[PDB]
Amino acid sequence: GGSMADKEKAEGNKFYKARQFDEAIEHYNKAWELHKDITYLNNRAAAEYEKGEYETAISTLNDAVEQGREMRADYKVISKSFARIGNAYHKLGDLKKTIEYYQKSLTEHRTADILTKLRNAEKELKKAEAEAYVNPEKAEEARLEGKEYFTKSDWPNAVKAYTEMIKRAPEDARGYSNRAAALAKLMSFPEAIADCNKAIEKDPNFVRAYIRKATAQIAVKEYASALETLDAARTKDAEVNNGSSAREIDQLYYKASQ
């Protein structure tokens, strides 16, 4: 039925809107029965999704695209199928397939949403994989590898080793200070400063990191800053270390005044 099945659909939409999902679903099926058009299936999938039956929704939709292809259905509507699969997978917390099905939807028909939803799901995946990468024992293994390359003056490999440590333990200030040490040896000073800064936000009480920052600042003739960094360094050294690296601070203080 032309106008006949469109009423069943419309009746579904009325029930769907009042959150009566099984009632919506049955009218969507009636619509399909009367007139083979995949819109009605996309709509049933919406009802299934809203019920929280995410597997049923994906099932309904996978079938919808297969039947839509056989029927040569409009590229937009099958793009919605793929898009809803993406949503359903995202509700299932399966980030791979949500991304895969967003790609599939954009391939069929590029829209603004879905492009935004893809970038958000990709963002969310990056964050997750990063949080999975974190490993205590792999971090300690990297810290040991770094010291080995550092003792053998292999700065480029030490940098890599210490980057693995930063990735394996993003909260350990030693990784940044250590990469900062190797970077300085390679005379990449602005980078050495930046790693020292992140080391100091990770551990405000980490003296060695203040000393590297200042040393690298002196090396790039940033004298005003070097003296400030050295003050901060001396304050935290009194508090934390009983001023046990004061002679080292002083030498750098003297060079930064000269």
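In this text, residue numbers run from 1 along the sequence as written.
Here the stretch with the larger average CA B-factor, out of 20 to 28 and 231 to 239, is 231 to 239. Relative to its counterpart among 104 to 112 and 163 to 171, 104 to 112 has the higher mean temperature factor, C-alpha atoms as listed in the PDB entry. In this entry, the residue among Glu33, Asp37, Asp195, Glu55 with the greatest C-alpha B factor is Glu55. Comparing C-alpha B-factors across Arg179, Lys80, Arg119, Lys185 in the deposited entry, the largest value falls on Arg119. Per-chain ranking of the deposited C-alpha B factor places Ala128 in the middle third. Among the modelled residues of the chain, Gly86 sits in the lowest third by CA temperature factor in this PDB entry. Annotation for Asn62: CA B-factor lies in the middle third of the chain's modelled residues. The entry lists a Cα temperature factor for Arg208 that places it in the middle third of the chain's modelled residues. For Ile99, the recorded CA B-factor ranks within the lowest third of the chain. Only modelled residues enter the ranking.
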